[PDB]
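Undergrad: Starting off with a structure, shown below.
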Amino acid sequence: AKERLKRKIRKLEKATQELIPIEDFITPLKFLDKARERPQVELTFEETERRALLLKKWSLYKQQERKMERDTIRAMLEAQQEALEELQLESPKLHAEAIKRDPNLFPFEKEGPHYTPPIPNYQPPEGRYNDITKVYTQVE
Amino acid sequence: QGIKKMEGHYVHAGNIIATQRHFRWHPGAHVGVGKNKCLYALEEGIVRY
Amino acid sequence: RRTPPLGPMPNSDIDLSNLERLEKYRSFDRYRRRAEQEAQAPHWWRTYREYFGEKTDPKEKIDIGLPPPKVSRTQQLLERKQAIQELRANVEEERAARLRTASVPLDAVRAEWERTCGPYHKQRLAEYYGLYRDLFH
Amino acid sequence: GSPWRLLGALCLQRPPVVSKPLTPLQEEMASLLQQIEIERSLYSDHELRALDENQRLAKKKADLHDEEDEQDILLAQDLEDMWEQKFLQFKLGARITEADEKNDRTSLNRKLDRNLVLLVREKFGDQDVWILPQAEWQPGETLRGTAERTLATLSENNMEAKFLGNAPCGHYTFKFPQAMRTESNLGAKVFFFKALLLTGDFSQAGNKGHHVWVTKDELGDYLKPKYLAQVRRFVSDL
Amino acid sequence: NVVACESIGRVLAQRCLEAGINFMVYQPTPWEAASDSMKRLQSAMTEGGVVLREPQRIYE
Amino acid sequence: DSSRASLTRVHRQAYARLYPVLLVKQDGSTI
Amino acid sequence: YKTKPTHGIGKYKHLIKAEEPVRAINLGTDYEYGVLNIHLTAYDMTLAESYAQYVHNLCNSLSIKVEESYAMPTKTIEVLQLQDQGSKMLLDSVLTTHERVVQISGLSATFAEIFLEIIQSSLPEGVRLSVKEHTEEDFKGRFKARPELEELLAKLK
RNA sequence: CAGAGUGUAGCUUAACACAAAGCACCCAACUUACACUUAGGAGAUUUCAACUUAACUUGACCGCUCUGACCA
RNA sequence: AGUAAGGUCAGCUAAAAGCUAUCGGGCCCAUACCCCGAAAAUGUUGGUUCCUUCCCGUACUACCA
Ligand SMILES: [K+]
């Protein structure tokens, strides 16, 4: 009995494992349904020209933003390297200790800015949370 | 299978320069490749590698 | 039996310890461009151009033409930049280029080609046709 | 020993609290993207419900069959009106705080949309100089350890800071003004470490006006020329 | 631009007519052939008069 | 910052219409 | 040929990594970091995907090896609210949470601060940035469950 | 604040002229994403005087980087 | 020694079933029989989707001087 259970467990371990499907990429049948299809409205020549000009300006703006980000990263890297070189020249031991990795650096969690600051006088209402996530299992 | 005409030899049109199971020599100028990787001369001249 | 290479072997400067780190020819176009450049570069081993490539005298061909004209490069560049800026500022040109309906004046293009690049193209065509080989040896 | 004095400084920065307002170009791009999404999208459940309600109202008006229109009892437009009324009743928070109007550079509540950097005023040679918080390095202690100890040496602050790495992000070297220039003490070399202000602030007693939280643009008002030039190299304003 | 490619094709077709090059070949990659710029250039050359397919060699 | 990748649209070929909505957290902030 | 100076001029497999017909988690050195995972969590799928794409492009431009770019299963949660003057919590709404994961490796100790600062400054609103160390636990959790295996293990117990 | 070195957009010993080039970079479509491809965009000779000619040689004026002064 | 073939619930057979063994009920004064309900496996390895490695046991030959 024990040997048979071990054999079954080994067989199931050898059996391949299936990844959980992603509903973000899976297209539901609601989209396939033709009722949700809407009539299409053509765009005027002026609207198309304005969209093209806006796209060109946006391309230039994104190029400028990328240039600014690259310059900032380069400045940070140069400053850090110069500081490390100065620290090494002044005292090699401190530089050697500083160039080591930080094990406490990567339990990293950060939240982005909110549209509005939290309201001190806000009182959240009473409610309940229910999880209806579809559980996917592999058998046989 | 091997080279039938070494470098500097004189060949005519259609002479089989070489035959190979896999591509060891590739067809060059005025050299054709057969159905079974057979390099033959399309022009009368001198073989060069 | 082994014989050392006469010169530097191909791909002898690519480090193999950083194979993953080195950038790759992700585009067939870049691979083909590099291959063409390498083929154009001379090599000590036997090559196709050695036997089939045309062989010419190493001496430079003696010029027997008129002295070249003199053009103010700075002024020419400034004028061309101003003309291009005016053309791009013209809104009709931008919309025509965006809608793929613009064209060029063939007569003006040919006149400017004759004035600027015409003699050199004619000389190249004459060299291809072999006139200088026969007329002036 | 060494002629230079080892000093470790801390670049305490509060990240922006609210999102930066969009430029007009970004607003136009967002409007275009929303319009494209609406044009290329399919009918939503709400749109289908509204269309079905309109069709059933037309059926009620024209034909005798009514189907009782229980769904049309509460129309989609009526639900939209109720949602709009609820949104109007609800009030959002104020992005611009009283500190922005007061120009009080001691409170963290000002300029929630931009990153802030902390500066402290210390008296050197009977002269008040605004610098980043700093301490003097000690044997058997890392430079990052000194930077962390600067927080402890700060007066009446309850704050949590997250240090990023161990390598300093910048340095500034200066020499004495011939008042105490000596072979033993030629000058000093401060090193800066960037940290993130997760939570906390100073106490009421600590808010005595000796510390200011300022942006990169106004950092030069308090910092010296050379000190500001060195600090701006690693302090970003993206 | 595609207009630039078409203009280059037209100018080159006229120059080839002037030089006597009435036949030639083109060797495009699949993506270049599917590209609209190369299609416009080929159309311009053909309308100018250049044939993009050389006649077969006579062996007898 | 946020504006670097805030301007987005649905990349799915087929997708229902989505309405922009302000979401209010328990502390008073909104997204 | 072997005897000729031009021997082995056509070698190509030495320039190409072995064409193998799961993966050991690399651990960084004293000045390097191991394989890390950046799983951005957001209620907006479009924002999450856009920021994941931005992070991947930034890593490619900064020459940081991106091991993988995938997504975790969407979590669907029903948010309910208690009705006024009643004792029943009606279904207020339904929300979806998405988690776009970028698996990278080879991050330098010195450049780690700069990379984290950039990716936290560029973080969009409503998106939570979470950088952790890649684990076999997470790799297995990416997969489904095996109730038959669970039952057999319980029987073995 | 002074003394040096110093000069094409990001890089190049690209620019003989016929000409300011190649590569790098960004946006749009496909791609989970990356990548490839298709379709679009932005760029520079720091400024003057010297066979006027000269990005190119020679000097000033600028800009950049170090070195000293100043320095908490 | 070299040739062939088998290994299946606890036992024995079959192509994933049957009879007993066993658990839990019923009848019985109580057991046995009987009736009802169940759990109970392809020796094993790696494949292909039937072969094959190893282990256990089985049969035959191992001769002519
Ligand atoms: K052959």
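Labels used: A, B, ... for chains in the order of the structure tokens, numbers from 1 for residues in each chain, and numbers from 1 for ligands as shown.
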Using 6 Å as the limit and counting only C-alpha atoms and all ligand atoms, can you tabulate each residue of chain B that touches ligand 1, with its shortest atom-to-atom distance in Å and the two atoms involved, as a Markdown table?
TA:
```
| residue | atom | partner | partner_atom_place_in_ligand_line | distance |
| --- | --- | --- | --- | --- |
| B:19 | CA | ligand 1 | 1 (K) | 3.8 |
| B:20 | CA | ligand 1 | 1 (K) | 4.5 |
| B:21 | CA | ligand 1 | 1 (K) | 5.6 |
| B:36 | CA | ligand 1 | 1 (K) | 5.1 |
| B:37 | CA | ligand 1 | 1 (K) | 5.2 |
| B:38 | CA | ligand 1 | 1 (K) | 4.8 |
```
Undergrad: Store the residues of this selection in a file with N, CA and C atoms, as a PDB file, in the first residue's frame.
TA:
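So part.pdb came out as:
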```pdb
ATOM      1  N   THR B  19      30.994  15.596 -55.339  1.00  0.00           N
ATOM      2  CA  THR B  19      29.737  15.118 -54.782  1.00  0.00           C
ATOM      3  C   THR B  19      29.876  15.061 -53.269  1.00  0.00           C
ATOM      4  N   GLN B  20      28.817  15.431 -52.550  1.00  0.00           N
ATOM      5  CA  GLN B  20      28.919  15.471 -51.100  1.00  0.00           C
ATOM      6  C   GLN B  20      27.587  15.103 -50.467  1.00  0.00           C
ATOM      7  N   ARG B  21      27.654  14.377 -49.349  1.00  0.00           N
ATOM      8  CA  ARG B  21      26.444  14.057 -48.599  1.00  0.00           C
ATOM      9  C   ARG B  21      25.882  15.293 -47.910  1.00  0.00           C
ATOM     10  N   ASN B  36      21.304  16.156 -55.310  1.00  0.00           N
ATOM     11  CA  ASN B  36      21.872  15.450 -54.168  1.00  0.00           C
ATOM     12  C   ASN B  36      23.213  16.047 -53.759  1.00  0.00           C
ATOM     13  N   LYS B  37      23.314  17.377 -53.800  1.00  0.00           N
ATOM     14  CA  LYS B  37      24.523  18.106 -53.415  1.00  0.00           C
ATOM     15  C   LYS B  37      25.724  17.652 -54.250  1.00  0.00           C
ATOM     16  N   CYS B  38      25.558  17.782 -55.562  1.00  0.00           N
ATOM     17  CA  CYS B  38      26.589  17.458 -56.539  1.00  0.00           C
ATOM     18  C   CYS B  38      26.976  18.734 -57.270  1.00  0.00           C
TER      19      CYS B  38
END
```
Undergrad: When DSSP works through the backbone of this structure, what residues of chain B end up as strand (DSSP E or B), shown as a list in words?
TA: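 Residues of chain B classed as strand (DSSP E or B): residues 3, 10, 11, 16, 17, 18, 19, 31, 32, 33, 38, 39, 40, 41, 45 and 46 of chain B.
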Undergrad: Using only C-alpha atoms (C1' of nucleotides), which protein or nucleic acid residues come within 10 Å of residue 19 in chain F? Drop anything in the same chain fewer than 6 positions from it, and give the result as a list in words.
TA: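 Everything that qualifies: residues 34, 38 and 44 of chain D.
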Undergrad: Considering only C-alpha atoms (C1' of nucleotides), extract the chain H residues located within 7 Å of chain C and return them as a list in words.
TA: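 Using only C-alpha atoms (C1' of nucleotides), chain H residues at most 7 Å from chain C: residues 18, 36 and 53 of chain H.
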Undergrad: Only residues of chain E matter here; which ones have an atom within 7 Å of chain C, counting only C-alpha atoms? Give them as a VMD selection string.
TA: chain E and resid 2 to 3 7
Undergrad: Quick one: distance from CA of residue 160 in chain D to CA of residue 195 in chain D in Å, one decimal?
TA: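 About the pair CA of residue 160 in chain D and CA of residue 195 in chain D: they are 9.5 Å apart.
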Undergrad: Do you have, as a tab-separated table, the list of residues of chain H lying at most 8 Å from chain A, each with its nearest atom pair and that distance in Å to one decimal, counting only C-alpha atoms (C1' of nucleotides) and ordered by chain then number?
TA:
```
residue	atom	partner	partner_atom	distance
H:25	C1'	A:63	CA	7.5
H:26	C1'	A:63	CA	4.4
H:27	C1'	A:59	CA	4.1
H:28	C1'	A:55	CA	7.7
H:32	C1'	A:25	CA	7.4
H:40	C1'	A:56	CA	7.6
H:41	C1'	A:56	CA	6.3
H:42	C1'	A:60	CA	6.3
```
Undergrad: Write to file, as a PDB file, in the first residue's frame, the residues of the selection just made, with N, CA and C atoms (P, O5', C5', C4', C3', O3' and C1' of nucleotides).
TA:
```pdb
ATOM      1  P     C H  25      19.431  52.573 -30.100  1.00  0.00           P
ATOM      2  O5'   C H  25      18.784  54.025 -29.976  1.00  0.00           O
ATOM      3  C5'   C H  25      18.986  54.815 -28.815  1.00  0.00           C
ATOM      4  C4'   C H  25      18.109  56.044 -28.804  1.00  0.00           C
ATOM      5  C3'   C H  25      16.613  55.810 -28.922  1.00  0.00           C
ATOM      6  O3'   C H  25      16.015  55.408 -27.702  1.00  0.00           O
ATOM      7  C1'   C H  25      17.254  57.587 -30.344  1.00  0.00           C
ATOM      8  P     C H  26      14.644  54.572 -27.712  1.00  0.00           P
ATOM      9  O5'   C H  26      13.539  55.637 -28.143  1.00  0.00           O
ATOM     10  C5'   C H  26      13.199  56.722 -27.293  1.00  0.00           C
ATOM     11  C4'   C H  26      12.133  57.596 -27.905  1.00  0.00           C
ATOM     12  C3'   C H  26      10.861  56.887 -28.345  1.00  0.00           C
ATOM     13  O3'   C H  26       9.963  56.635 -27.279  1.00  0.00           O
ATOM     14  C1'   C H  26      11.589  58.323 -30.069  1.00  0.00           C
ATOM     15  P     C H  27       8.902  55.432 -27.388  1.00  0.00           P
ATOM     16  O5'   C H  27       7.802  55.974 -28.406  1.00  0.00           O
ATOM     17  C5'   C H  27       6.968  57.070 -28.060  1.00  0.00           C
ATOM     18  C4'   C H  27       6.155  57.545 -29.238  1.00  0.00           C
ATOM     19  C3'   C H  27       5.224  56.522 -29.868  1.00  0.00           C
ATOM     20  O3'   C H  27       4.012  56.360 -29.154  1.00  0.00           O
ATOM     21  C1'   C H  27       6.418  57.651 -31.565  1.00  0.00           C
ATOM     22  P     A H  28       3.262  54.939 -29.154  1.00  0.00           P
ATOM     23  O5'   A H  28       2.717  54.788 -30.644  1.00  0.00           O
ATOM     24  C5'   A H  28       1.692  55.639 -31.134  1.00  0.00           C
ATOM     25  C4'   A H  28       1.324  55.309 -32.559  1.00  0.00           C
ATOM     26  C3'   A H  28       1.088  53.839 -32.868  1.00  0.00           C
ATOM     27  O3'   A H  28      -0.201  53.394 -32.483  1.00  0.00           O
ATOM     28  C1'   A H  28       2.469  54.783 -34.537  1.00  0.00           C
ATOM     29  P     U H  32       0.855  37.969 -28.305  1.00  0.00           P
ATOM     30  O5'   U H  32       1.004  38.848 -26.984  1.00  0.00           O
ATOM     31  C5'   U H  32      -0.129  39.154 -26.184  1.00  0.00           C
ATOM     32  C4'   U H  32       0.271  39.731 -24.850  1.00  0.00           C
ATOM     33  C3'   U H  32       1.419  40.727 -24.868  1.00  0.00           C
ATOM     34  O3'   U H  32       1.018  42.032 -25.249  1.00  0.00           O
ATOM     35  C1'   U H  32       1.770  39.159 -23.139  1.00  0.00           C
ATOM     36  P     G H  40       5.615  57.116 -44.617  1.00  0.00           P
ATOM     37  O5'   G H  40       5.407  57.876 -43.232  1.00  0.00           O
ATOM     38  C5'   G H  40       6.228  58.974 -42.867  1.00  0.00           C
ATOM     39  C4'   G H  40       5.945  59.419 -41.456  1.00  0.00           C
ATOM     40  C3'   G H  40       6.959  60.365 -40.830  1.00  0.00           C
ATOM     41  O3'   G H  40       6.774  61.715 -41.216  1.00  0.00           O
ATOM     42  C1'   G H  40       6.465  58.631 -39.310  1.00  0.00           C
ATOM     43  P     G H  41       8.030  62.715 -41.291  1.00  0.00           P
ATOM     44  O5'   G H  41       8.517  62.847 -39.779  1.00  0.00           O
ATOM     45  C5'   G H  41       7.749  63.565 -38.825  1.00  0.00           C
ATOM     46  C4'   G H  41       8.516  63.785 -37.543  1.00  0.00           C
ATOM     47  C3'   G H  41       9.921  64.346 -37.692  1.00  0.00           C
ATOM     48  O3'   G H  41       9.928  65.751 -37.868  1.00  0.00           O
ATOM     49  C1'   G H  41       9.939  62.537 -36.161  1.00  0.00           C
ATOM     50  P     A H  42      11.214  66.483 -38.492  1.00  0.00           P
ATOM     51  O5'   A H  42      12.189  66.679 -37.249  1.00  0.00           O
ATOM     52  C5'   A H  42      11.791  67.443 -36.121  1.00  0.00           C
ATOM     53  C4'   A H  42      12.681  67.172 -34.936  1.00  0.00           C
ATOM     54  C3'   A H  42      14.171  67.347 -35.175  1.00  0.00           C
ATOM     55  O3'   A H  42      14.589  68.697 -35.094  1.00  0.00           O
ATOM     56  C1'   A H  42      13.795  65.290 -34.088  1.00  0.00           C
TER      57        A H  42
END
```
Undergrad: Once you count only C-alpha atoms, which residues of chain A turn out to be within 9 Å of chain D? Could you give them as a VMD selection string?
TA: chain A and resid 31 35 to 38 40 to 41 51 54 to 55 57 to 58 61 68 to 69 72 75 to 84 86 to 87 90 94 to 95 97 to 102 104 to 105 112 to 119
Undergrad: Find the spatial neighbours of range 120-127 of chain A, counting only C-alpha atoms (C1' of nucleotides), within a cut-off of 8 Å - ignore same-chain residues fewer than 4 positions away - and output them as a list in words.
TA: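 In the requested form, the answer reads residues 26, 27 and 28 of chain F; 79, 80, 81, 82 and 89 of chain G.
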Undergrad: Please, could you write that set of residues out with C-alpha atoms as a PDB file, in the first residue's frame?
TA:
```
ATOM      1  CA  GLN F  26     -10.607  54.089   2.818  1.00  0.00           C
ATOM      2  CA  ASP F  27      -8.267  56.954   3.803  1.00  0.00           C
ATOM      3  CA  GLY F  28      -9.845  59.553   1.494  1.00  0.00           C
TER       4      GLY F  28
ATOM      5  CA  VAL G  79     -16.922  44.672  -3.012  1.00  0.00           C
ATOM      6  CA  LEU G  80     -20.167  44.835  -1.035  1.00  0.00           C
ATOM      7  CA  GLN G  81     -21.718  47.613   1.047  1.00  0.00           C
ATOM      8  CA  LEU G  82     -24.278  47.428   3.837  1.00  0.00           C
ATOM      9  CA  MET G  89     -24.742  43.970   2.490  1.00  0.00           C
TER      10      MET G  89
END
```
Undergrad: D:106, D:127, D:138, D:184: which is nearest residue 203 in chain D, counting only C-alpha atoms?
TA: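 So, comparing all the options, the nearest one is D:106.
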Undergrad: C1' of residue 71 in chain H and CA of residue 133 in chain D, how far apart in Å?
TA: 18.6 Å
Undergrad: Rounded to one decimal in Å, what is the spacing between CA of residue 95 in chain C and CA of residue 15 in chain E?
TA: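 Between CA of residue 95 in chain C and CA of residue 15 in chain E the gap is 28.7 Å.
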Undergrad: Specify as number ranges by chain all residues of chain H found within 12 Å of chain F, counting only C-alpha atoms (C1' of nucleotides).
TA: H: 29-32
Undergrad: Do a neighbour search on residue 55 in chain G at 9 Å with only C-alpha atoms (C1' of nucleotides), toss out local chain neighbours closer than 4 positions, and write the hits as a count of residues only.
TA: 6
Undergrad: Write out as JSON, numbers by chain all residues of chain A that DSSP puts in helix (DSSP H, G or I) for this structure's backbone.
TA: {"A": [2, 3, 4, 5, 6, 7, 8, 9, 10, 11, 12, 13, 14, 29, 30, 31, 32, 34, 35, 36, 45, 46, 47, 48, 49, 50, 51, 52, 53, 54, 55, 56, 57, 58, 59, 60, 61, 62, 63, 64, 65, 66, 67, 68, 69, 70, 71, 72, 73, 74, 75, 76, 77, 78, 79, 80, 81, 82, 83, 84, 85, 86, 87, 88, 89, 90, 92, 93, 94, 95, 96, 97, 98, 103, 104, 105]}
Undergrad: Using only C-alpha atoms (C1' of nucleotides), I'd like every residue of chain H that has an atom within 12 Å of chain D; please write them out as an NGL selection string.
TA: :H and (69-72)
Undergrad: Hey, list the chain G side of the contact with chain H: 7 Å cut-off, only C-alpha atoms (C1' of nucleotides), answer as an MDAnalysis selection string.
TA: chainID G and resid 53 69:70
Undergrad: What's around residue 36 in chain E at 12 Å? Count only C-alpha atoms (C1' of nucleotides), leave out sequence neighbours fewer than 2 positions away in its own chain, and write the answer as a VMD selection string.
TA: (chain C and resid 100) or (chain E and resid 1 to 3 5 to 6 30 to 34 38 to 43) or (chain H and resid 38 to 39)
Undergrad: Given the selection you just returned, output its residues as a file containing N, CA and C atoms (P, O5', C5', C4', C3', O3' and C1' of nucleotides), formatted as a PDB file, in the first residue's frame.
TA:
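Writing done, so here's selection.pdb:
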```
ATOM      1  N   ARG C 100       1.205  61.261 -49.223  1.00  0.00           N
ATOM      2  CA  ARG C 100       1.850  60.526 -50.314  1.00  0.00           C
ATOM      3  C   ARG C 100       1.303  60.959 -51.673  1.00  0.00           C
TER       4      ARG C 100
ATOM      5  N   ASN E   1      11.185  59.283 -47.062  1.00  0.00           N
ATOM      6  CA  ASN E   1       9.746  59.134 -47.205  1.00  0.00           C
ATOM      7  C   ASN E   1       9.426  58.303 -48.440  1.00  0.00           C
ATOM      8  N   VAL E   2       8.181  57.821 -48.493  1.00  0.00           N
ATOM      9  CA  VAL E   2       7.717  57.068 -49.656  1.00  0.00           C
ATOM     10  C   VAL E   2       7.727  57.950 -50.897  1.00  0.00           C
ATOM     11  N   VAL E   3       7.348  59.220 -50.741  1.00  0.00           N
ATOM     12  CA  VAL E   3       7.415  60.160 -51.856  1.00  0.00           C
ATOM     13  C   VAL E   3       8.856  60.337 -52.314  1.00  0.00           C
ATOM     14  N   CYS E   5      11.245  58.094 -52.056  1.00  0.00           N
ATOM     15  CA  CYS E   5      11.612  56.874 -52.769  1.00  0.00           C
ATOM     16  C   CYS E   5      11.042  56.865 -54.182  1.00  0.00           C
ATOM     17  N   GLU E   6       9.786  57.289 -54.336  1.00  0.00           N
ATOM     18  CA  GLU E   6       9.177  57.328 -55.663  1.00  0.00           C
ATOM     19  C   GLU E   6       9.887  58.326 -56.571  1.00  0.00           C
ATOM     20  N   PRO E  30      11.865  39.619 -48.704  1.00  0.00           N
ATOM     21  CA  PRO E  30      10.393  39.603 -48.629  1.00  0.00           C
ATOM     22  C   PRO E  30       9.797  40.836 -47.969  1.00  0.00           C
ATOM     23  N   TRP E  31      10.406  41.334 -46.890  1.00  0.00           N
ATOM     24  CA  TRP E  31       9.849  42.501 -46.213  1.00  0.00           C
ATOM     25  C   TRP E  31      10.014  43.763 -47.052  1.00  0.00           C
ATOM     26  N   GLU E  32      11.158  43.914 -47.723  1.00  0.00           N
ATOM     27  CA  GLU E  32      11.338  45.054 -48.617  1.00  0.00           C
ATOM     28  C   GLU E  32      10.351  45.005 -49.774  1.00  0.00           C
ATOM     29  N   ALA E  33      10.120  43.814 -50.331  1.00  0.00           N
ATOM     30  CA  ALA E  33       9.154  43.677 -51.416  1.00  0.00           C
ATOM     31  C   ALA E  33       7.745  44.006 -50.944  1.00  0.00           C
ATOM     32  N   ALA E  34       7.389  43.579 -49.731  1.00  0.00           N
ATOM     33  CA  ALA E  34       6.079  43.907 -49.186  1.00  0.00           C
ATOM     34  C   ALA E  34       5.969  45.372 -48.782  1.00  0.00           C
ATOM     35  N   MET E  38       9.114  50.369 -51.727  1.00  0.00           N
ATOM     36  CA  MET E  38       9.717  49.636 -52.834  1.00  0.00           C
ATOM     37  C   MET E  38       8.712  49.364 -53.943  1.00  0.00           C
ATOM     38  N   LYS E  39       7.446  49.117 -53.593  1.00  0.00           N
ATOM     39  CA  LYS E  39       6.421  48.962 -54.620  1.00  0.00           C
ATOM     40  C   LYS E  39       6.255  50.243 -55.426  1.00  0.00           C
ATOM     41  N   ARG E  40       6.243  51.392 -54.746  1.00  0.00           N
ATOM     42  CA  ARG E  40       6.156  52.669 -55.447  1.00  0.00           C
ATOM     43  C   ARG E  40       7.367  52.890 -56.343  1.00  0.00           C
ATOM     44  N   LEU E  41       8.561  52.546 -55.851  1.00  0.00           N
ATOM     45  CA  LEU E  41       9.766  52.708 -56.661  1.00  0.00           C
ATOM     46  C   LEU E  41       9.724  51.821 -57.902  1.00  0.00           C
ATOM     47  N   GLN E  42       9.299  50.565 -57.742  1.00  0.00           N
ATOM     48  CA  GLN E  42       9.194  49.666 -58.888  1.00  0.00           C
ATOM     49  C   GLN E  42       8.168  50.170 -59.891  1.00  0.00           C
ATOM     50  N   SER E  43       7.021  50.652 -59.402  1.00  0.00           N
ATOM     51  CA  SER E  43       6.009  51.195 -60.300  1.00  0.00           C
ATOM     52  C   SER E  43       6.539  52.409 -61.049  1.00  0.00           C
TER      53      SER E  43
ATOM     54  P     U H  38      11.113  47.365 -43.592  1.00  0.00           P
ATOM     55  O5'   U H  38       9.597  47.845 -43.503  1.00  0.00           O
ATOM     56  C5'   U H  38       8.607  47.315 -44.374  1.00  0.00           C
ATOM     57  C4'   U H  38       7.244  47.878 -44.063  1.00  0.00           C
ATOM     58  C3'   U H  38       7.152  49.396 -44.009  1.00  0.00           C
ATOM     59  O3'   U H  38       7.003  49.985 -45.289  1.00  0.00           O
ATOM     60  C1'   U H  38       6.114  48.479 -42.096  1.00  0.00           C
ATOM     61  P     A H  39       7.673  51.409 -45.610  1.00  0.00           P
ATOM     62  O5'   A H  39       6.793  52.448 -44.783  1.00  0.00           O
ATOM     63  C5'   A H  39       5.419  52.644 -45.084  1.00  0.00           C
ATOM     64  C4'   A H  39       4.704  53.357 -43.963  1.00  0.00           C
ATOM     65  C3'   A H  39       5.247  54.727 -43.590  1.00  0.00           C
ATOM     66  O3'   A H  39       4.777  55.755 -44.444  1.00  0.00           O
ATOM     67  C1'   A H  39       4.942  53.449 -41.630  1.00  0.00           C
TER      68        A H  39
END
```
Undergrad: So that each row is one residue of chain C with an atom at most 12 Å from chain G, can you give its shortest atom pair and the distance in Å to one decimal, using only C-alpha atoms, rows by chain and rising number, as JSON lines?
TA:
```
{"residue": "C:1", "atom": "CA", "partner": "G:3", "partner_atom": "CA", "distance": 5.4}
{"residue": "C:2", "atom": "CA", "partner": "G:3", "partner_atom": "CA", "distance": 5.0}
{"residue": "C:3", "atom": "CA", "partner": "G:5", "partner_atom": "CA", "distance": 4.9}
{"residue": "C:4", "atom": "CA", "partner": "G:5", "partner_atom": "CA", "distance": 5.3}
{"residue": "C:5", "atom": "CA", "partner": "G:5", "partner_atom": "CA", "distance": 4.2}
{"residue": "C:6", "atom": "CA", "partner": "G:5", "partner_atom": "CA", "distance": 6.4}
{"residue": "C:7", "atom": "CA", "partner": "G:5", "partner_atom": "CA", "distance": 8.9}
{"residue": "C:8", "atom": "CA", "partner": "G:6", "partner_atom": "CA", "distance": 10.1}
{"residue": "C:9", "atom": "CA", "partner": "G:9", "partner_atom": "CA", "distance": 7.1}
{"residue": "C:10", "atom": "CA", "partner": "G:9", "partner_atom": "CA", "distance": 6.8}
{"residue": "C:11", "atom": "CA", "partner": "G:15", "partner_atom": "CA", "distance": 8.7}
{"residue": "C:12", "atom": "CA", "partner": "G:9", "partner_atom": "CA", "distance": 10.1}
{"residue": "C:13", "atom": "CA", "partner": "G:15", "partner_atom": "CA", "distance": 11.5}
{"residue": "C:14", "atom": "CA", "partner": "G:15", "partner_atom": "CA", "distance": 8.4}
{"residue": "C:15", "atom": "CA", "partner": "G:15", "partner_atom": "CA", "distance": 9.1}
{"residue": "C:16", "atom": "CA", "partner": "G:15", "partner_atom": "CA", "distance": 7.1}
{"residue": "C:17", "atom": "CA", "partner": "G:15", "partner_atom": "CA", "distance": 10.4}
{"residue": "C:18", "atom": "CA", "partner": "G:15", "partner_atom": "CA", "distance": 10.5}
{"residue": "C:19", "atom": "CA", "partner": "G:15", "partner_atom": "CA", "distance": 7.3}
{"residue": "C:20", "atom": "CA", "partner": "G:17", "partner_atom": "CA", "distance": 8.0}
{"residue": "C:21", "atom": "CA", "partner": "G:63", "partner_atom": "CA", "distance": 8.7}
{"residue": "C:22", "atom": "CA", "partner": "G:63", "partner_atom": "CA", "distance": 10.3}
{"residue": "C:23", "atom": "CA", "partner": "G:63", "partner_atom": "CA", "distance": 9.9}
{"residue": "C:24", "atom": "CA", "partner": "G:16", "partner_atom": "CA", "distance": 10.0}
{"residue": "C:25", "atom": "CA", "partner": "G:16", "partner_atom": "CA", "distance": 11.7}
{"residue": "C:43", "atom": "CA", "partner": "G:6", "partner_atom": "CA", "distance": 11.3}
{"residue": "C:44", "atom": "CA", "partner": "G:6", "partner_atom": "CA", "distance": 9.8}
{"residue": "C:45", "atom": "CA", "partner": "G:6", "partner_atom": "CA", "distance": 7.3}
{"residue": "C:46", "atom": "CA", "partner": "G:6", "partner_atom": "CA", "distance": 9.6}
```
